[PDB]
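*Asks:* Below is the file upload-v8.pdb, which contains PDB, C-alpha atoms.
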ATOM      1  CA  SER X   1      14.551  17.410  28.309  1.00  0.00           C
ATOM      2  CA  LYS X   2      12.230  15.985  25.665  1.00  0.00           C
ATOM      3  CA  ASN X   3      14.679  13.142  25.101  1.00  0.00           C
ATOM      4  CA  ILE X   4      14.794  12.402  28.838  1.00  0.00           C
ATOM      5  CA  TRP X   5      11.005  12.357  28.903  1.00  0.00           C
ATOM      6  CA  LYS X   6      10.816   9.946  25.989  1.00  0.00           C
ATOM      7  CA  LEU X   7      13.307   7.644  27.679  1.00  0.00           C
ATOM      8  CA  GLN X   8      11.307   7.813  30.921  1.00  0.00           C
ATOM      9  CA  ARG X   9       8.170   6.820  29.052  1.00  0.00           C
ATOM     10  CA  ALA X  10      10.113   4.036  27.345  1.00  0.00           C
ATOM     11  CA  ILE X  11      11.122   2.628  30.718  1.00  0.00           C
ATOM     12  CA  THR X  12       7.509   2.886  31.853  1.00  0.00           C
ATOM     13  CA  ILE X  13       6.300   1.022  28.764  1.00  0.00           C
ATOM     14  CA  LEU X  14       8.854  -1.750  29.180  1.00  0.00           C
ATOM     15  CA  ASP X  15       8.051  -2.174  32.865  1.00  0.00           C
ATOM     16  CA  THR X  16       4.314  -2.298  32.189  1.00  0.00           C
ATOM     17  CA  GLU X  17       4.741  -4.825  29.384  1.00  0.00           C
ATOM     18  CA  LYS X  18       6.967  -7.047  31.516  1.00  0.00           C
ATOM     19  CA  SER X  19       4.581  -6.800  34.479  1.00  0.00           C
ATOM     20  CA  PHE X  20       1.592  -8.636  32.991  1.00  0.00           C
ATOM     21  CA  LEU X  21       0.442 -12.184  32.386  1.00  0.00           C
ATOM     22  CA  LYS X  22       1.681 -14.158  29.395  1.00  0.00           C
ATOM     23  CA  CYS X  23      -1.796 -14.235  27.829  1.00  0.00           C
ATOM     24  CA  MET X  24      -1.936 -10.471  27.310  1.00  0.00           C
ATOM     25  CA  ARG X  25       1.732 -10.247  26.271  1.00  0.00           C
ATOM     26  CA  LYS X  26       1.225 -12.857  23.554  1.00  0.00           C
ATOM     27  CA  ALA X  27      -2.012 -11.064  22.670  1.00  0.00           C
ATOM     28  CA  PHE X  28      -0.044  -7.794  22.449  1.00  0.00           C
ATOM     29  CA  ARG X  29       2.947  -8.380  20.224  1.00  0.00           C
ATOM     30  CA  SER X  30       3.911  -5.424  18.074  1.00  0.00           C
ATOM     31  CA  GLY X  31       3.636  -5.540  14.343  1.00  0.00           C
ATOM     32  CA  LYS X  32       2.346  -8.420  12.280  1.00  0.00           C
ATOM     33  CA  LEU X  33       3.763 -11.625  10.857  1.00  0.00           C
ATOM     34  CA  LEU X  34       4.199 -10.942   7.145  1.00  0.00           C
ATOM     35  CA  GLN X  35       5.581 -12.909   4.206  1.00  0.00           C
ATOM     36  CA  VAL X  36       8.479 -10.615   3.382  1.00  0.00           C
ATOM     37  CA  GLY X  37      10.018 -12.724   0.644  1.00  0.00           C
ATOM     38  CA  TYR X  38      12.164 -15.776   0.000  1.00  0.00           C
ATOM     39  CA  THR X  39      15.314 -16.924   1.730  1.00  0.00           C
ATOM     40  CA  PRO X  40      18.239 -17.888  -0.521  1.00  0.00           C
ATOM     41  CA  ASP X  41      17.125 -21.442   0.232  1.00  0.00           C
ATOM     42  CA  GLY X  42      13.896 -20.435  -1.528  1.00  0.00           C
ATOM     43  CA  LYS X  43      11.691 -20.951   1.518  1.00  0.00           C
ATOM     44  CA  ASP X  44       9.281 -18.294   2.731  1.00  0.00           C
ATOM     45  CA  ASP X  45      10.756 -15.505   4.854  1.00  0.00           C
ATOM     46  CA  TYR X  46       8.206 -14.891   7.595  1.00  0.00           C
ATOM     47  CA  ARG X  47       9.104 -12.004   9.873  1.00  0.00           C
ATOM     48  CA  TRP X  48       7.446  -9.889  12.539  1.00  0.00           C
ATOM     49  CA  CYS X  49       7.298  -6.538  10.790  1.00  0.00           C
ATOM     50  CA  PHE X  50       6.134  -3.092  11.850  1.00  0.00           C
ATOM     51  CA  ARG X  51       4.448  -1.030   9.153  1.00  0.00           C
ATOM     52  CA  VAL X  52       5.068   2.679   8.576  1.00  0.00           C
ATOM     53  CA  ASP X  53       3.657   4.942   5.863  1.00  0.00           C
ATOM     54  CA  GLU X  54       5.753   7.506   4.010  1.00  0.00           C
ATOM     55  CA  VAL X  55       5.120  10.209   1.422  1.00  0.00           C
ATOM     56  CA  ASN X  56       7.748  11.568  -0.970  1.00  0.00           C
ATOM     57  CA  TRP X  57       7.123  14.277  -3.559  1.00  0.00           C
ATOM     58  CA  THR X  58      10.561  14.144  -5.208  1.00  0.00           C
ATOM     59  CA  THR X  59      11.595  10.514  -5.768  1.00  0.00           C
ATOM     60  CA  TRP X  60       8.575   8.423  -6.653  1.00  0.00           C
ATOM     61  CA  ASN X  61      10.504   6.752  -9.485  1.00  0.00           C
ATOM     62  CA  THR X  62      12.336   4.413  -7.068  1.00  0.00           C
ATOM     63  CA  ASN X  63      10.046   1.527  -7.971  1.00  0.00           C
ATOM     64  CA  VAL X  64      12.745  -1.133  -7.578  1.00  0.00           C
ATOM     65  CA  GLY X  65      11.810  -3.910  -5.176  1.00  0.00           C
ATOM     66  CA  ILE X  66       8.175  -4.206  -4.114  1.00  0.00           C
ATOM     67  CA  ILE X  67       6.176  -6.669  -2.058  1.00  0.00           C
ATOM     68  CA  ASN X  68       2.470  -6.988  -2.784  1.00  0.00           C
ATOM     69  CA  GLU X  69       2.000  -5.210  -6.125  1.00  0.00           C
ATOM     70  CA  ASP X  70      -1.601  -4.639  -5.017  1.00  0.00           C
ATOM     71  CA  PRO X  71      -1.724  -1.581  -2.669  1.00  0.00           C
TER
ATOM     72  CA  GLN E   1      -8.461 -10.986 -33.095  1.00  0.00           C
ATOM     73  CA  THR E   2     -11.118 -12.042 -30.566  1.00  0.00           C
ATOM     74  CA  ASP E   3     -13.058  -8.800 -31.277  1.00  0.00           C
ATOM     75  CA  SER E   4     -13.003  -8.085 -27.539  1.00  0.00           C
ATOM     76  CA  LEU E   5     -10.553  -5.169 -27.344  1.00  0.00           C
ATOM     77  CA  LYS E   6     -13.065  -2.632 -26.028  1.00  0.00           C
ATOM     78  CA  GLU E   7     -14.182  -4.798 -23.113  1.00  0.00           C
ATOM     79  CA  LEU E   8     -10.700  -6.057 -22.250  1.00  0.00           C
ATOM     80  CA  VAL E   9      -8.947  -2.688 -22.172  1.00  0.00           C
ATOM     81  CA  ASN E  10     -11.767  -0.866 -20.377  1.00  0.00           C
ATOM     82  CA  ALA E  11     -12.096  -3.695 -17.866  1.00  0.00           C
ATOM     83  CA  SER E  12     -11.641  -2.730 -14.232  1.00  0.00           C
ATOM     84  CA  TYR E  13     -11.436  -4.112 -10.724  1.00  0.00           C
ATOM     85  CA  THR E  14     -14.627  -5.240  -9.030  1.00  0.00           C
ATOM     86  CA  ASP E  15     -13.825  -5.472  -5.330  1.00  0.00           C
ATOM     87  CA  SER E  16     -14.738  -2.473  -3.208  1.00  0.00           C
ATOM     88  CA  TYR E  17     -11.169  -1.690  -2.199  1.00  0.00           C
ATOM     89  CA  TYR E  18      -9.839  -1.019  -5.721  1.00  0.00           C
ATOM     90  CA  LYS E  19     -13.217  -0.545  -7.395  1.00  0.00           C
ATOM     91  CA  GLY E  20     -12.970   1.321 -10.677  1.00  0.00           C
ATOM     92  CA  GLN E  21      -9.221   1.016 -11.218  1.00  0.00           C
ATOM     93  CA  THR E  22      -8.393   0.577 -14.897  1.00  0.00           C
ATOM     94  CA  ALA E  23      -5.255  -0.396 -16.799  1.00  0.00           C
ATOM     95  CA  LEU E  24      -4.998   3.263 -17.804  1.00  0.00           C
ATOM     96  CA  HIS E  25      -4.720   4.169 -14.120  1.00  0.00           C
ATOM     97  CA  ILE E  26      -1.945   1.617 -13.670  1.00  0.00           C
ATOM     98  CA  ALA E  27      -0.168   2.956 -16.744  1.00  0.00           C
ATOM     99  CA  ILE E  28      -0.301   6.549 -15.517  1.00  0.00           C
ATOM    100  CA  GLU E  29       0.848   5.557 -12.035  1.00  0.00           C
ATOM    101  CA  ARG E  30       3.727   3.470 -13.392  1.00  0.00           C
ATOM    102  CA  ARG E  31       4.721   6.590 -15.381  1.00  0.00           C
ATOM    103  CA  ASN E  32       4.898   4.764 -18.713  1.00  0.00           C
ATOM    104  CA  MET E  33       4.103   7.352 -21.377  1.00  0.00           C
ATOM    105  CA  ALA E  34       4.412   4.672 -24.058  1.00  0.00           C
ATOM    106  CA  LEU E  35       1.807   2.519 -22.349  1.00  0.00           C
ATOM    107  CA  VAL E  36      -0.477   5.528 -21.962  1.00  0.00           C
ATOM    108  CA  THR E  37      -0.343   6.085 -25.716  1.00  0.00           C
ATOM    109  CA  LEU E  38      -0.730   2.391 -26.502  1.00  0.00           C
ATOM    110  CA  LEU E  39      -3.733   1.942 -24.213  1.00  0.00           C
ATOM    111  CA  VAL E  40      -5.593   5.067 -25.281  1.00  0.00           C
ATOM    112  CA  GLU E  41      -5.046   4.316 -28.975  1.00  0.00           C
ATOM    113  CA  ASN E  42      -6.832   0.981 -28.541  1.00  0.00           C
ATOM    114  CA  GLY E  43      -9.985   2.531 -27.105  1.00  0.00           C
ATOM    115  CA  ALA E  44      -9.058   3.022 -23.461  1.00  0.00           C
ATOM    116  CA  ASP E  45     -11.678   5.121 -21.707  1.00  0.00           C
ATOM    117  CA  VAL E  46     -10.155   8.295 -20.285  1.00  0.00           C
ATOM    118  CA  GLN E  47     -13.087   8.993 -17.950  1.00  0.00           C
ATOM    119  CA  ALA E  48     -12.803   5.915 -15.744  1.00  0.00           C
ATOM    120  CA  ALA E  49     -13.691   6.880 -12.177  1.00  0.00           C
ATOM    121  CA  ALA E  50     -11.462   4.910  -9.801  1.00  0.00           C
ATOM    122  CA  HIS E  51     -13.921   5.217  -6.925  1.00  0.00           C
ATOM    123  CA  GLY E  52     -12.527   2.442  -4.752  1.00  0.00           C
ATOM    124  CA  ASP E  53     -12.032   2.497  -1.022  1.00  0.00           C
ATOM    125  CA  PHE E  54      -8.285   2.868  -1.510  1.00  0.00           C
ATOM    126  CA  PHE E  55      -8.675   5.935  -3.752  1.00  0.00           C
ATOM    127  CA  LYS E  56     -10.532   7.989  -1.135  1.00  0.00           C
ATOM    128  CA  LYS E  57      -9.262  10.149   1.703  1.00  0.00           C
ATOM    129  CA  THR E  58      -9.495   8.497   5.123  1.00  0.00           C
ATOM    130  CA  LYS E  59      -7.490   9.507   8.180  1.00  0.00           C
ATOM    131  CA  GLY E  60      -4.876   6.951   9.188  1.00  0.00           C
ATOM    132  CA  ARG E  61      -6.407   4.400   6.847  1.00  0.00           C
ATOM    133  CA  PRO E  62      -3.932   3.992   3.958  1.00  0.00           C
ATOM    134  CA  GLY E  63      -4.846   5.467   0.606  1.00  0.00           C
ATOM    135  CA  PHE E  64      -4.112   8.093  -2.006  1.00  0.00           C
ATOM    136  CA  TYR E  65      -6.735  10.593  -3.130  1.00  0.00           C
ATOM    137  CA  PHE E  66      -6.055  12.077  -6.547  1.00  0.00           C
ATOM    138  CA  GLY E  67      -9.515  12.825  -7.961  1.00  0.00           C
ATOM    139  CA  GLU E  68     -10.523   9.388  -9.324  1.00  0.00           C
ATOM    140  CA  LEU E  69      -9.822  10.492 -12.899  1.00  0.00           C
ATOM    141  CA  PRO E  70      -6.917   9.597 -15.196  1.00  0.00           C
ATOM    142  CA  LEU E  71      -6.305  13.259 -15.979  1.00  0.00           C
ATOM    143  CA  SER E  72      -6.458  14.053 -12.272  1.00  0.00           C
ATOM    144  CA  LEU E  73      -4.122  11.160 -11.494  1.00  0.00           C
TER
END
Could you rewrite the structure in this file as structure tokens?
*Replies:*
Amino acid sequence: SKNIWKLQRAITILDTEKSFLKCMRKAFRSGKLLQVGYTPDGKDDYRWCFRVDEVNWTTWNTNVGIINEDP
Amino acid sequence: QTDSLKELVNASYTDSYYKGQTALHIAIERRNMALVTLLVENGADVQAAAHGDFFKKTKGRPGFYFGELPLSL
């Protein structure tokens, strides 16, 4: 039942987003355009990324691979 | 050899967001025991208060609150 509700709300969100003028839709993209890294060609890898925050109290040591050494 | 060890090691950030962070804080966070020893032996202050905006508790707003002290961290 909860899953059905979440899907119903998803359909509502998609319909509402599709049912507005292009100005607001372009003004309401999700996530931000961030410099993720470098393509194998060496050029900048700009992507539209969505940011989440996580907390782990067992494996902090997994320091391998980090954008933006400044928090 | 430039007789500036005390000021260099105990130097810290200046901007409000990371204000107070010191190389000792970075060493303890990176979990390098060897660097902790090396820094403190050369006069690293062990009472540096990392009272930046990032090191305070704010709902939603990203950050980690540990007590602003190297021992606390």
*Asks:* Define the interface residues of chain E facing chain X as those within 9 Å, counting all atoms listed in the file, and report them as a list in words.
*Replies:*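 Written out as asked, the residues are residues 18, 30, 31, 54, 62 and 63 of chain E.
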*Asks:* Step by step: start from the point (-16.4, 3.1, -15.9) in the file's coordinates, keep every protein, DNA or RNA residue that has an atom no farther than 10 Å from it, count all atoms listed in the file, and write the set as a PDB file with C-alpha atoms, in the frame of the given file.
*Replies:*
ATOM      1  CA  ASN E  10     -11.767  -0.866 -20.377  1.00  0.00           C
ATOM      2  CA  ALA E  11     -12.096  -3.695 -17.866  1.00  0.00           C
ATOM      3  CA  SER E  12     -11.641  -2.730 -14.232  1.00  0.00           C
ATOM      4  CA  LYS E  19     -13.217  -0.545  -7.395  1.00  0.00           C
ATOM      5  CA  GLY E  20     -12.970   1.321 -10.677  1.00  0.00           C
ATOM      6  CA  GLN E  21      -9.221   1.016 -11.218  1.00  0.00           C
ATOM      7  CA  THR E  22      -8.393   0.577 -14.897  1.00  0.00           C
ATOM      8  CA  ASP E  45     -11.678   5.121 -21.707  1.00  0.00           C
ATOM      9  CA  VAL E  46     -10.155   8.295 -20.285  1.00  0.00           C
ATOM     10  CA  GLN E  47     -13.087   8.993 -17.950  1.00  0.00           C
ATOM     11  CA  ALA E  48     -12.803   5.915 -15.744  1.00  0.00           C
ATOM     12  CA  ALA E  49     -13.691   6.880 -12.177  1.00  0.00           C
ATOM     13  CA  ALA E  50     -11.462   4.910  -9.801  1.00  0.00           C
ATOM     14  CA  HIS E  51     -13.921   5.217  -6.925  1.00  0.00           C
TER      15      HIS E  51
END
*Asks:* Evaluating the PyMOL selection byres ((chain X and resi 50) around 12) on the displayed file yields which residues, as a list in words?
*Replies:*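 Output from the PyMOL selection byres ((chain X and resi 50) around 12), applied to this file: residues 29, 30, 31, 32, 33, 34, 36, 47, 48, 49, 51, 52 and 53 of chain X.
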*Asks:* Please produce a file of the residues just selected, as a PDB file, keeping the file's coordinate frame, where the atoms kept are C-alpha atoms.
*Replies:*
ATOM      1  CA  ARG X  29       2.947  -8.380  20.224  1.00  0.00           C
ATOM      2  CA  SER X  30       3.911  -5.424  18.074  1.00  0.00           C
ATOM      3  CA  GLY X  31       3.636  -5.540  14.343  1.00  0.00           C
ATOM      4  CA  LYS X  32       2.346  -8.420  12.280  1.00  0.00           C
ATOM      5  CA  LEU X  33       3.763 -11.625  10.857  1.00  0.00           C
ATOM      6  CA  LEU X  34       4.199 -10.942   7.145  1.00  0.00           C
ATOM      7  CA  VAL X  36       8.479 -10.615   3.382  1.00  0.00           C
ATOM      8  CA  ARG X  47       9.104 -12.004   9.873  1.00  0.00           C
ATOM      9  CA  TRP X  48       7.446  -9.889  12.539  1.00  0.00           C
ATOM     10  CA  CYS X  49       7.298  -6.538  10.790  1.00  0.00           C
ATOM     11  CA  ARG X  51       4.448  -1.030   9.153  1.00  0.00           C
ATOM     12  CA  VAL X  52       5.068   2.679   8.576  1.00  0.00           C
ATOM     13  CA  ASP X  53       3.657   4.942   5.863  1.00  0.00           C
TER      14      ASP X  53
END
*Asks:* Please measure the separation of atom CA of residue 34 of chain E and atom CA of residue 2 of chain E, giving the value in Å to one decimal.
*Replies:*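 The value is 23.7 Å.
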*Asks:* Using atom CA of residue 8 of chain X and atom CA of residue 25 of chain X as the two end points, give the distance in Å to one decimal.
*Replies:*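 Value for the atom CA of residue 8 of chain X-atom CA of residue 25 of chain X distance: 21.0 Å.
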*Asks:* Go through E:53, E:1, E:15, E:9 and flag the residue nearest residue 35 of chain E, using all atoms listed in the file for the distances.
*Replies:* E:9
*Asks:* Distance atom CA of residue 44 of chain E-atom CA of residue 24 of chain E, one decimal place?
*Replies:*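 Computing it gives 7.0 Å between the two atoms.
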*Asks:* I'd like the box whose edges run along x, y and z of the file and which contains every listed atom of segment 62-73 of chain E, padded by 3 Å per side; could you state its centre and edge lengths in Å, one decimal, as JSON?
*Replies:*
{"center_x": -7.2, "center_y": 9.0, "center_z": -6.0, "size_x": 12.6, "size_y": 16.1, "size_z": 25.9}
*Asks:* Choose the residue, out of E:71, E:40, E:61, E:52, that has the smallest atom-to-atom separation from residue 13 of chain E; count all atoms listed in the file.
*Replies:*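 Smallest distance to residue 13 of chain E is found for E:52.
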